[PDB]
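Asker: experimental coordinates follow, after the sequence.
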Amino acid sequence: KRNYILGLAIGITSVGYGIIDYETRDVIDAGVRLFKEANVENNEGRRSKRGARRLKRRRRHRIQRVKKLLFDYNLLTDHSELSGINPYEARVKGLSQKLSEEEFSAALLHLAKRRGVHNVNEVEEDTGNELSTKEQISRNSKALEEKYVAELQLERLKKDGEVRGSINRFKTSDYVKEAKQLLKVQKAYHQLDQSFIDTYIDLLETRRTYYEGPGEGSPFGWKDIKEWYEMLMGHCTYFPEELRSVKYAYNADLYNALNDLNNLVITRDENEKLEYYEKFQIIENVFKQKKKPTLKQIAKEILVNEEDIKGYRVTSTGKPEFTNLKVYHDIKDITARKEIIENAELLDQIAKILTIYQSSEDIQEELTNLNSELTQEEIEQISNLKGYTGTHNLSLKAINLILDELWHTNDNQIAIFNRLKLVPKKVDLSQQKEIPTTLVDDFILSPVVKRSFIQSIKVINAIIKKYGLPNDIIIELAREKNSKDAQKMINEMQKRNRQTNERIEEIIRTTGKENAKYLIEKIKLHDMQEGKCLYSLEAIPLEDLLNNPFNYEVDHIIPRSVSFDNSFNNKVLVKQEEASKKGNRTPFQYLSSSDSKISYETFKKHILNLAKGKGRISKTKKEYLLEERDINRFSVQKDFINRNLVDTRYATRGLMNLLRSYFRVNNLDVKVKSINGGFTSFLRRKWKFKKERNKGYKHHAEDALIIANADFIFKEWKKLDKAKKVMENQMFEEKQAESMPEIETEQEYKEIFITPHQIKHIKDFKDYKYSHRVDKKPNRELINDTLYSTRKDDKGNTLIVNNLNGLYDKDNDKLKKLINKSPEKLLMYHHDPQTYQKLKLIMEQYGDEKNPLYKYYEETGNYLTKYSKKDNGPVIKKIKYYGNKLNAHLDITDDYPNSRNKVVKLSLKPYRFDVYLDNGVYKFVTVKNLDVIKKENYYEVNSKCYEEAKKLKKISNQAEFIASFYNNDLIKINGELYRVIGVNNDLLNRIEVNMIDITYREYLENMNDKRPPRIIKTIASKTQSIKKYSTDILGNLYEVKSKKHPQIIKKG
RNA sequence: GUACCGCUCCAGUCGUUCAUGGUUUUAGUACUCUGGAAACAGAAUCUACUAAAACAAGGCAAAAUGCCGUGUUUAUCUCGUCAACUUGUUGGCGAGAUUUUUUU
DNA sequence: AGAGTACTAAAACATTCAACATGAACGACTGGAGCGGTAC
DNA sequence: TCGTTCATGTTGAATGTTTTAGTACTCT
Ligand SMILES: [Mg+2]
Ligand SMILES: [Mg+2]
Ligand SMILES: [Mg+2]
């Protein structure tokens, strides 16, 4: 062990470490660890698929009920035709006349698949003909107005023809009504007498509520109802063993009232604050009697001036009004009976019950369970109170230990808790050696920063074990990046003084009011965009946004599928007339179109004048508003990831206090500080590094080691005294602060914060150590979901049949690739030649356009017609056509019966592989992600597929095992070291891998090359030396000589 | 400045609760072709729109208002460090075997 | 013996082509922001 | 922004073409 100081950096991709000597400021270690980058969309998807899982699992339950009761009353059997009966006619012809067994079964099954929305039971409004479900249910109701959904559906069938899509969202109770209609019609047609009418709708109205929870086995739920009504909330602060209590508990409201009474200001010739008798008269004459105690009605009990009482809290309206004894009146306004309202404890219990539930029937039972003096008559009324949810941060037994004396003295709350020697949550670990992971859970916001943080504990404990205890820790974060840059943007403004600074400050500092944290982005974008729409540059006044909302709409910039950003960076304010026509179109493509008000260049200069001054657009948002390359692909869908930013303050302080507690208990006078990225931005600015981004994973270290020296900067100059106090949060002596030096202006930064002799070891360091996370977890993303179909032809190969949908669009240019390249592929090239000629007419008459079909629509007002005798065919939007011969796939024709030709999924995902050495040739075996079996709490690599993956490679029994490789290992291949990405192709023995020192894309732009950045290598007899090297938690290099292929999978 | 209360609103997360849709196969009717003089017959087989009926390989539990599959090991292999699962393996601790050569 | 011809079988360097989707509602927690204030 | 000053960009599978060696004939 030697004396060392640590410097950490963290980002949603990686962790970066820099270890410097404490004595002579010499760096000893510098490197970066990588791990599987996490985004909220990941766990959100794991949600959404679980959601859909239950959706299907109950859709099948709704199948089960109808199935069994069809079997029951002699209605259905496994001998009759099930397909070919139209339910649209079924449910309407069931309005008056007979329905057959199988037809009735079809109608009932269809109305079981369909249930409609509950949370809009009683919507009555007009419609703007948008895509939302409320307005469409409004249309459905206004179109029925006497009829049932059956009639509208069947009419839209017989007349127009298309009968699904966005226009089948209907009010649920309408389905319920037509359910009664058809059930009672079929009542007197078969062996159905009384029971059959009920149980369906009873079951067809079943639903799980947003608080029933998932099933029993849930690793996220609860075994009992009342359990999570004791788990969701927090605990007491000063008594971290007993639960909190509700926001509107009666004695809690007494607490708040006494707070507002014991903080008052009186300018009379007596005691400054109220006496005990004065307060008691107040509580029994004003608060208990009137809902909102008016200041005009409070002075009459103490005989003081009506307008000399101050020092209290206000109500929601922003007017001075005291904390209402909300439950007291509300029970009084319906119950004057005195046996209960004179009991504080049962009233507290009533408040707690009213809060910790929201059901209108559970509160009834839980009030009957309070064995009070009430009757049914009152409880049926009291159970329907509203607005009494929310918990308050203390408990009963912290209120009691302060209530009694609060009667008497005139102090203010927390002081009493200090007199009784009550201390908030402070963890003790004075007996431990390394930093634990037990204290993590309380200090966590979301899984993203959870992953980004929890491994700093692992790395620092490893550094302690290998290095002893350090002397200082300095930490930079991924969420502390715009403190001081924004502060100087607020304060510096312009040097011209006077006219410039005294006018636009109302937009620079936003008038210096708290309104900035109440307007939200829907009004912030008005300030951000000069009060002008981005896509039109028309006026968007602040008074019109607050008095005419309907003129302008707030929406995102880029769809989630290629942006995944739900923050204040990916949203804009656009006039309703333009926003309604947007959808899947950004400013680049939207404003360059044939009916746009402006060009891309005028908008570009608009953004530039919005992004070249005070309050400029952030480069992350600037790239959103200019578009790069093309949005219609996946290449930008990944490049939009690594520029994004978020701001938070809880996540920093969580681990900050976690480190301080542990370092204070074990008697470790170790400085621990976190720096915002604002200061380090200036540091990187003024330290004169090379003008290049082709550095890769080393950035995270080269930046982090910056921080590792920044702390030492605090011990070289004497202008940092106030800066030292601020970065340590040190209290300023009242007669000292005005002369304490801090660094705020650029001249001070250049005189003080520039150390060229202490940065030659950070900029020029090129000896990093890398190590990647072996994501050995089983059960990950196996295989994609877009099923694919396959046909047979003359040669005898199987062919993927691709599909082309949405022919009507103006901007679908893909069709040129069929006729003008090779029309042989299309199926209608061989079959239906007459329709082929029909198509060929349009194809040839518009051979010099973008989309010949949209040209046809312009020139004839109607799209192409399905070819037939009379040429009056439905519009064409979809085309099947021939694709590729298929070798490496997943034969999945097992599930569909009767398939005249096989069906395949696509794009298997490799998990690991295995090198073997037969005499002088290395051969591969691949363990896919499909090669895992679940047993109890562990996962076994099914060796059958494994040994079938070595025989088919023709691997000798005498072949010499080298290593099994997991993801992102270090493979020694004949001239280099590489990271497993995966086995690109097993049959070809083509494998895809990547560089270690830098991103190989970024390596290509290091050479400015043009081939795809895929390190793909084919394995054959030409192999000479394949070995395993590996790296430790810091990233240092070694080799492993393990003897056997890993067979068992470690969990955890 | 931190912990501290109560009000108000806002955002996010977790976690839960939904409806509508999307992709591939039979009966189709608008289809393709054959035979046939055509009639007509069948068989195919491109576009559509409905009946039906399945969506990460699996594991379960077995009719129950059922769940998990994009959350952690940790650099691998030795050495022991003893104890509990008990064929093993676990659980930890530490040192090595591993990163410049002279070295007590 | 040594190489062009002509083909033939096979292996590297690169190209091209696919990815399941909307509208809602609510408990907690968390934090954010405005109101005042006591200890430490 | 006179300024490298919040800071990079997929995973799999199937083709097209390009590169070379081998073989046998035939030429010298
Ligand atoms: Mg940073
Ligand atoms: Mg929209
Ligand atoms: Mg960085």
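Answerer: Right, received. Where do you want to start? Numbering: from 1, shown residues only, chains lettered A, B, ... in the order given. Ligands and ions are numbered 1, 2, ... in the order given.
Asker: backbone phi and psi for whichever residue of chain A sits closest to RNA strand B, please?
Answerer: In chain A, the residue that lies nearest RNA strand B is residue A:215 (2.2 Å; C-beta to the nearest atom of the strand). For every residue, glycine as well, the C-beta is placed using N, CA and C. Dihedral angles of residue A:215 (phi, psi; degrees, to the nearest 10) stand at phi -70, psi -170.
Asker: can you confirm residue A:991 is in a strand?
Answerer: Yes - per DSSP: H, G, I helix; E, B strand; the rest coil, residue A:991 lies within a strand segment.
Asker: the residue of chain A closest to RNA strand B against residue A:208, yeah?
Answerer: No - using C-beta atoms under 8 Å, residue A:215 is not in contact with residue A:208, being 9.8 Å away.
Asker: and the residue lying farthest from the centre of chain A, how far from residue A:304?
Answerer: Distance from the centre of chain A peaks at residue A:269, with 60.2 Å (C-alpha atoms, centre = their mean). Remark: distance between residue A:269 and residue A:304 (C-beta to C-beta, to the nearest Å) = 11 Å.
Asker: cool, residue A:1042 as well?
Answerer: Distance, residue A:1042 to residue A:304, by C-beta to C-beta: 86 Å.
Asker: same thing with residue A:808?
Answerer: Distance from residue A:808 to residue A:304, by C-beta to C-beta: 79 Å.
Asker: circling back: now do the SS call for the residue farthest from the centre of chain A.
Answerer: coil.
Asker: return the nearest residue of the stretch 801-950 of chain A with respect to ligand 3.
Answerer: residue A:909 (29.7 Å; C-beta to the ion).
Asker: give the contact list for the closest residue to that residue other than its chain neighbours.
Answerer: Using C-beta to C-beta, 6 or more residues apart in numbering and skipping residues adjacent in sequence, the residue nearest residue A:909 is residue A:929, 5.0 Å away. Residue A:929 is in contact with A:778, A:780-783, A:908-911, counting by C-beta atoms under 8 Å, 6 or more residues apart in numbering.
Asker: repeat that with 10 Å
Answerer: A:778-783, A:908-912, A:982 (C-beta atoms under 10 Å, 6 or more residues apart in numbering).
Asker: likewise for residue A:964?
Answerer: Residue A:964 is in contact with A:912-915, A:925, A:927, A:1028, A:1040, A:1042, A:1044-1047, counting by C-beta under 10 Å, 6+ apart.
Asker: now do 8 Å
Answerer: So residue A:964 contacts A:912-915, A:1042, A:1045-1046 (C-beta under 8 Å, 6+ apart).
Asker: name the SS class of it, please.
Answerer: Per three-state DSSP, residue A:964 ends up strand.
Asker: same thing with residue A:127?
Answerer: When classified by three-state DSSP, residue A:127 comes out as coil.
Asker: tally of neighbours for it?
Answerer: 14 (other C-beta atoms under 10 Å).
Asker: residues contacting the residue lying closest to it once chain neighbours are set aside?
Answerer: Using C-beta to C-beta, 6+ apart and skipping residues adjacent in sequence, the residue nearest residue A:127 is residue A:135, 4.2 Å away. Neighbouring residues of residue A:135 by C-beta under 8 Å, 6+ apart: A:125-129.
Asker: most neighbours, which of the residues you listed?
Answerer: Most surrounded of the contacts of residue A:135: other C-beta under 10 Å gives residue A:127, at 14 neighbours.
Asker: thought residue A:138 was touching that one, still the case?
Answerer: Yes - with contacts counted by C-beta under 8 Å, residue A:127 reaches residue A:138, the gap being 5.2 Å.
Asker: which SS state does whatever residue of the stretch 151-300 of chain A ends up closest to DNA strand D fall under?
Answerer: DNA strand D sits closest to residue A:219 of the stretch 151-300 of chain A, with a gap of 26.6 Å, by C-beta to the nearest atom of the strand. Assigned state for residue A:219: coil (three-state reduction, three-state DSSP).
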